[PDB]
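Asks: Line by line, the protein sequences are chains A and B. Positions 101 to 416 (our numbering) are the ones given, in order, by the first sequence. Positions 62 to 448 (our numbering) are the ones given, in order, by the second sequence.
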Amino acid sequence: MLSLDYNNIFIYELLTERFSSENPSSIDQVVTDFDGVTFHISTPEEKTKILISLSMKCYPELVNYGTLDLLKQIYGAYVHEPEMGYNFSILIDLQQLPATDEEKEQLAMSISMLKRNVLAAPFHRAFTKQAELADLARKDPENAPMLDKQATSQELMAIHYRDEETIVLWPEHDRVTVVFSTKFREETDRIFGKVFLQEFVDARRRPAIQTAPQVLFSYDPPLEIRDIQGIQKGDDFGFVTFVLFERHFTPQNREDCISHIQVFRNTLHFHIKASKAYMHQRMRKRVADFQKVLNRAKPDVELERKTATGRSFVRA
Amino acid sequence: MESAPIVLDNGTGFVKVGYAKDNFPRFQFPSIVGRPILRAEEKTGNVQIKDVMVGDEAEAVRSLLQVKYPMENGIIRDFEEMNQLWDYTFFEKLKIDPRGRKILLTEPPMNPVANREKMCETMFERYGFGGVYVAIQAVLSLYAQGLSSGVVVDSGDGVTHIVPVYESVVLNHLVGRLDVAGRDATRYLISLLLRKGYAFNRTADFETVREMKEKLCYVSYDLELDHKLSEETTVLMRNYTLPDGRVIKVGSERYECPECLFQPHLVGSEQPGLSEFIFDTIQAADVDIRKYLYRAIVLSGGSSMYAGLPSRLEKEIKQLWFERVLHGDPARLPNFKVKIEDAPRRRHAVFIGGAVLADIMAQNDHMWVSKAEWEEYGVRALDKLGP
Ligand SMILES: Nc1ncnc2c1ncn2[C@@H]1O[C@H](COP(=O)(O)OP(=O)(O)OP(=O)(O)O)[C@@H](O)[C@H]1O
Ligand SMILES: [Mg+2]
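1. Looking at the C-beta of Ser412/A, does it have a partner C-beta in chain B at a distance below 7 Å?
2. Nearest chain A C-beta to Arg393/B closer than 7 Å, yes or no?
3. Does the beta carbon of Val411/B fall short of 6 Å from some heavy atom of ligand 2?
4. Relative to chain A, which residues along the segment 275–308 of chain B have a C-beta separation below 8 Å, given in chain order?
5. Please classify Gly217/B: is it buried, with 16 or more other beta-carbons within 10 angstroms of its beta-carbon, or exposed?
6. Is it right to say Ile401/B is buried, meaning 16 or more other beta carbons lie within 10 angstroms of its own, or is it exposed?
7. Contact between the segment 382–395 of chain B and the segment 99–115 of chain B is defined here as three or more beta-carbon pairs at a separation below 8 Å; is this criterion met?
8. Name the chain B residues whose beta carbon is nearer than 8 Å to that of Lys398/A?
9. Cα-Cα, which of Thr247/B, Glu141/B, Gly72/B and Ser336/B is closest to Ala199/B?
10. Let's see if you can read the secondary structure: which residues bound the alpha helix (DSSP H) around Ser120/A?
11. Please find out if some non-hydrogen atom of ligand 2 comes closer than 6 Å to the beta-carbon of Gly362/B.
12. Candidates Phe349/A, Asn108/A and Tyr378/A: which alpha carbon is nearest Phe139/A's?
13. Start and end of the alpha helix (DSSP H) containing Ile378/B?
14. Comparing C-alpha positions only, which one of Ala368/B, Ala205/B, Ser330/B and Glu436/B sits nearest to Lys82/B?
15. Under the assumption that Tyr186/A contacts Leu162/A (Cβ atoms under 8 Å), give the Cβ distance between them as a whole number of angstroms.
16. Please determine whether the Cβ atom of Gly79/B lies at a distance below 6 Å from any heavy atom of ligand 2.
17. Would you kindly work out how many angstroms separate the C-alpha atoms of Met428/B and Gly189/B, rounded to a whole number?
18. Using the three-state DSSP reduction, which class does residue 469/B fall into: helix, strand or coil?
19. Quick one: which unbroken alpha helix (DSSP H) runs of 4-plus residues sit fully inside the segment 268–350 of chain A? Chain order, please.
20. Suppose only complete runs of 4+ residues qualify. What are the alpha helix (DSSP H) ranges in the segment 113–183 of chain A, listed by chain order?
21. Using 10 angstroms around the beta-carbon of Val401/A, count the other beta-carbons present and answer buried if the total reaches 16, otherwise exposed.
22. Could you compute how far the alpha carbon of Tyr130/B sits from the alpha carbon of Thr409/A?
23. Ignore the nearest five residues each way along the sequence and tell me which others in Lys229/A's own chain have a CB closer than 8 Å to its CB.
24. Okay, do the segment 276–293 of chain B and the segment 360–371 of chain B touch, 3+ Cβ pairs below 8 Å being the bar?
25. From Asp403/B, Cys181/B, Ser365/B and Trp147/B, pick the residue whose C-alpha is nearest to that of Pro319/B; which is it?
26. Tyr279/B: beta carbon under 6 Å from a heavy atom of ligand 1?
27. How would you call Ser209/B, buried or exposed, if buried means at least 16 neighbouring beta carbons within 10 angstroms?
28. Pick helix, strand or coil for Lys239/A, following the three-state DSSP scheme.
29. My output table needs one value for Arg299/B: the three-state DSSP class, helix, strand or coil.
30. Measure the alpha-carbon distance for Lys392/A versus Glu404/A and round it to whole angstroms.
31. For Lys406/A, which residues in chain B fall below 7 Å Cβ to Cβ?
Below, the structure is given as structure tokens:
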């Protein structure tokens, strides 16, 4: 694979089975995910009823940035009391299930999409507030810089979404800026991570990909995040900034852009691993050419003619 | 051939045979019997397979044979097959009429009494030998050395056993079996090679891994050194070509295989190995004779031939008096003289010793169990043959 899926594959496949099934069996399944997230899927009252539940260490921050109204909008009737030990929970009934195979497909997708629907709330808060500031700035272009200056400090979101990261984002009348305060703690990933983060910034400075968000990088923080909690300049973090302009989150694009920006650091983490799998296949190619430099030291003798299994043979 | 007594070391892996005063076996051959088989293998008009094929005739042709062994651990498992070795030994190796001949047999020190009885019964009643004697295999190996004291340890294909001797008295309470020898190291070599994926589980392939063990294996003198050469370096790797023409690579299995004589737990036995077995035997002898045993440990039998075994065994007894008698104090170690006798002939020392003993008693007709004495007392005629 060249780029990560946005949804949890297991919940998609599992619900695609049970929504097709004529005869459901019971389940009890904890299921890990990226960024320290964890799902629990089980059938607690009946084989007929699936409870999907989510655990995520920063969910208390995400409830401040309006998460429950987004989840109640998406999951509606299926929302349930949080399972003990989990932050959020949804109860889907296989007999009360939607009618068509394309309703079943989009419900199995929507429920597997839970990690990026819970982590989307601060992005929708920023996109919908930039739509207000875009109208206020269009009412007075000389007031607009001061609306941006106050929204840069008053409307800023920060999510400590895993212990070696922070995502910080804020609206201004023409953009949403998002900064990843990103660190690789595993030292062989820190060494490759310098290459992967540097070549990521140097890629944006080429004619082919000018249509993308303006990425920027440093290792100290952008001036407008220098006093956020957990952001510290000395601790060998790197500060990848994306500036999403109004053209990067136009109504056709918003949902792909939210899905695609959250997965950023996870594609670099995956591609650092998948680059070791590349360097190895390129190393064992050079080893196989050093074989030729030693083979010229073996004196020429014909090894005797043998059958395919190595047993001796008597012809020619 | 000769008018003197015939002598027969019917060993578990090799029969050796000849007469009194022979300086080396007149013949020796694998103690194997085979029956014809077809096996998705080569067939040839170059040889004719008879219904029973044995000894050299089988081992030279074993791709065509269901090979079977009449003996295990030094005891005859199947007498119908041992009869087909003994027929061959007398009638078409030696080419003898056994009627009234005298023969010396051998067996290990702690066999079932039913084995010696049915072996003597067969000598008196198939072949009709006029006189039989049976000697403990390790006391024969002491006549080969021209010697009368010092603990003799014999390791064969079937059994490893030890017999302390002092001033020609044989210490019957200290004689011992270690039920690990040249065959358990061969079943273990098959099991080490199976980890590499090489399979030798046909009955005829067992002689191929015997020849492979016998060619390539050695006893490590220092296990952390051979584990260094084994894990850090290619230098141990050796190519062996099977009679099939297949080549197989063998490496740590060169030292790690004969190590089971020093560490029987590798083959699932709880018994102590050669060094600790010889030490716990000498150190069980009375205080006045222990010096004369450590000053003359005698090795014997084919499984004592592994390259490095005399040096590993001597070291591993100096190393073990140091732990268990000096408690790790170096001050007295130079006073401990241990000597291993490891002569060039030692694979055949039981036969060469038997051929000496069968001269010493050739003319003393009361010393043998006679056929005329067997046919009146039965099995009780063998009570002549010591405690
Ligand atoms: N050089 C050697 N290296 C390793 N093993 C050897 C060597 N020479 C002989 N052997 C092994 O010794 C065994 C045969 O020895 P020997 O004739 O003394 O046994 P045996 O007398 O028939 O057995 P037993 O006394 O137990 O009845 C075989 O396992 C053979 O492979
Ligand atoms: Mg023997």
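Yeah, the Cβ is synthetic: ideal placement off N, Cα and C, and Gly gets one too.
Replies: Quick answer:
1. Yes, its Cβ sits closer than 7 Å to a Cβ of chain B.
2. Output row for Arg393/B: interface = no.
3. At least one heavy atom of ligand 2 sits closer than 6 Å to the Cβ of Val411/B.
4. The residues in question are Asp305, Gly306, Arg307 and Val308.
5. It counts as buried.
6. Buried: at least 16 other Cβ atoms inside 10 Å.
7. With a cut-off of 8 Å, the segment 99–115 of chain B and the segment 382–395 of chain B do not count as touching, because too few Cβ pairs lie within range.
8. Near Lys398/A there are no residues of chain B at all, since even the closest Cβ is about 14 Å away, more than 8 Å.
9. That would be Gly72/B, whose Cα lies nearest to the Cα of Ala199/B.
10. Here the alpha helix (DSSP H) through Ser120/A covers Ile109 to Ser120.
11. The answer is yes for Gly362/B.
12. Of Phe349/A, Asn108/A and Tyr378/A, the smallest CA-CA separation from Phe139/A is found for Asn108/A.
13. Membership of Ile378/B in the alpha helix (DSSP H) is indicated by the continuous run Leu370 to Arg385.
14. Here the closest residue by C-alpha is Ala205/B.
15. At roughly 14 Å, the Cβ-Cβ gap does not stay under 8 Å, so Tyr186/A and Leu162/A are not in contact.
16. Every heavy atom of ligand 2 is 6 Å or more from the Cβ of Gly79/B, so no.
17. When rounded, the distance between both Cα atoms is 18 Å.
18. For residue 469/B there is no data in the structure shown, the boundaries of chain B being 62 and 448.
19. Fully enclosed alpha helix (DSSP H) runs of 4 or longer: 287–303.
20. Fully enclosed alpha helix (DSSP H) runs of no fewer than 4 residues occupy 159–164 and 167–175 of the segment 113–183 of chain A, in order along the chain.
21. Classification of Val401/A: exposed, given that the 10 Å Cβ count is below 16.
22. Looking at the two C-alpha atoms, the distance is approximately 29 Å.
23. Cβ neighbours of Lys229/A beyond the five flanking positions: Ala251, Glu255 and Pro271.
24. Flag = yes, the segment 276–293 of chain B and the segment 360–371 of chain B touch.
25. The option with the nearest alpha carbon to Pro319/B is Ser365/B.
26. Closer than 6 Å to some heavy atom of ligand 1: that does not describe the Cβ of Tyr279/B.
27. Residue environment for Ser209/B: exposed (fewer than 16 other C-beta atoms within 10 angstroms of its C-beta).
28. Note: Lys239/A maps to helix in three-state DSSP.
29. Correct three-state label for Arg299/B: strand.
30. Cα to Cα, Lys392/A sits roughly 22 Å from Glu404/A.
31. Listed along chain B, the residues sitting closer than 7 Å to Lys406/A by beta-carbon distance are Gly306.
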